[PDB]
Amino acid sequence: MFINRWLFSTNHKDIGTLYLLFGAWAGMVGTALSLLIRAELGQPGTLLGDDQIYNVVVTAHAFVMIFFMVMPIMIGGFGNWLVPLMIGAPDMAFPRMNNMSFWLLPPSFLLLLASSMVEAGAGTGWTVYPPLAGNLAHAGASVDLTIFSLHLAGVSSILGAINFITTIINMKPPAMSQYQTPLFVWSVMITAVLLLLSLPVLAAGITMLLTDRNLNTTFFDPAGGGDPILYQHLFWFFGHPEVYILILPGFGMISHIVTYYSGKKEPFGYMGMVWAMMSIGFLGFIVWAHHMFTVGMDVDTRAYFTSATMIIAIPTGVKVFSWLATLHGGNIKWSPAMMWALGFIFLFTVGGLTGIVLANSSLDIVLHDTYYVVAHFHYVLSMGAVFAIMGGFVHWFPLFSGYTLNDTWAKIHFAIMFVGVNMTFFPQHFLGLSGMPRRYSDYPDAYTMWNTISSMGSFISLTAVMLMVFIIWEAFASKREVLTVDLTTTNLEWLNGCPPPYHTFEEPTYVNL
């Protein structure tokens, strides 16, 4: 029974559960790698070794946080649990293929940890640029195991994207148009389209890298008439959509959380929210070379990428102002999930704004490959993607489990993590303006005060992560079973009870025209 249920699953909720457990475990690995980075940086000098061990830890930090924590939790975990429920569907379109999207991830993660165990690791940066990642400067298996790890993660997400798009398009009640689906469901469908189109270009690029390393191709090797800059274009053609992939499900969750804890039946400006997500998705494909402003492209190209990147602020602004307008007039419930979402609105706004500073090529010359970039992306990742994950986890935990968290503990957890992430990343703006480079194991002495403070903030965030594990333990330990949930008339996923039965919507909803 246990094997049939948990290894042979064809059930969207159980597969969702498997993704949430996998993502939680990957978060711990990512948090440990984060602490190693900030332990190295937290006093001047050398703690672990030279930049090779250091950048193995930095590279693995990013891969684990992105591919093994955020994507599995948001898309595999919240997506699988919530999407079918929010459209009244009995499962995903391809419920068996869904299981393979999950089971590809343990092997993908195994390949990543093998990459760090063999030789000297892949100390490349998560971008894996050649020639440092090539067979001369990174001889041996590490970078090939990294490539294969990304191949498996990529297949997992492409098949998942096919599953989501098909499910969302094809499995709604016959009366429900796309314009009567919840915003979370829209956020997943758009994320899935981005996956579908972007991952195959990454796959092409890393396969070229593999062949340069093992089959004597020279895609990226000037000796054969190749170009390291071509690899950058192929990776970033993926990688800019990838950050929109990381945020969009978060925007969908935020919309639900803000609506719910404002006591509203609906988000403000639904069709503007849909327009804003599809506009962000579309714009996200035409801006990639803002990661390349220092490579030597033509001025007119830099002027285009500056301008197209800035455009993104307009739809994103509509979302932020619509969240504010959803709060407006609310009967506000100061829940832990509401606190996460209010932190997300503000801190994501600050990170988005530092992204707008970066979009200016002329200024990016001085900011590129410095900690100012690191400050921008951790405001939108540790204080944006992660704040939406935490808000969605504490909001839907009683749905998934049938048990309640201790809200006082969850508010304490929010307060500690809020202090820790701000302490960690706010001072990195100063490091970046003043010229500290990225991917350094040590720094000139002038940079000591802000590095020290930033490392102290990383320890506060460690305390928050340990406390979250206790909080989950205390909820399963205590067994406070849910009774009544408010606002089920506009939150379909709760209407089957907590947790819902294995099979839901065996009899579909009735919706008339």
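Think of the rigid core as the biggest set of C-alphas that the two forms share within 1.5 Å after superposition. Each residue number is its position in the shown sequence, starting from 1.
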Greatest C-alpha divergence in 7 other deposited structures of this protein once each structure is fitted on the rigid core, 30 to 38 or 46 to 54 | 46 to 54
Just give me the stretch that moves more in 7 other deposited structures of this protein: 375 to 383 or 87 to 95, judged by RMS C-alpha distance after a core fit.
-> 375 to 383
Per the entry, where is the mean C-alpha temperature factor higher: 67 to 75 or 113 to 121?
-> 113 to 121
For the C-alpha atoms alone, is the average B factor greater in 373 to 381 or in 296 to 304, going by the entry?
-> 296 to 304
Within this chain's modelled residues, let me know which third the CA B factor of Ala62 belongs to: lowest, middle or highest.
-> lowest
By the entry's values, the third containing the CA B factor of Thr127 is the lowest
For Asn80, the third of its chain into which the C-alpha B factor falls | lowest
Going by the entry, which third of its chain does the Cα temperature factor of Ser279 land in?
-> lowest
Among the modelled residues of its chain, the C-alpha B-factor of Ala161 falls in the third labelled lowest
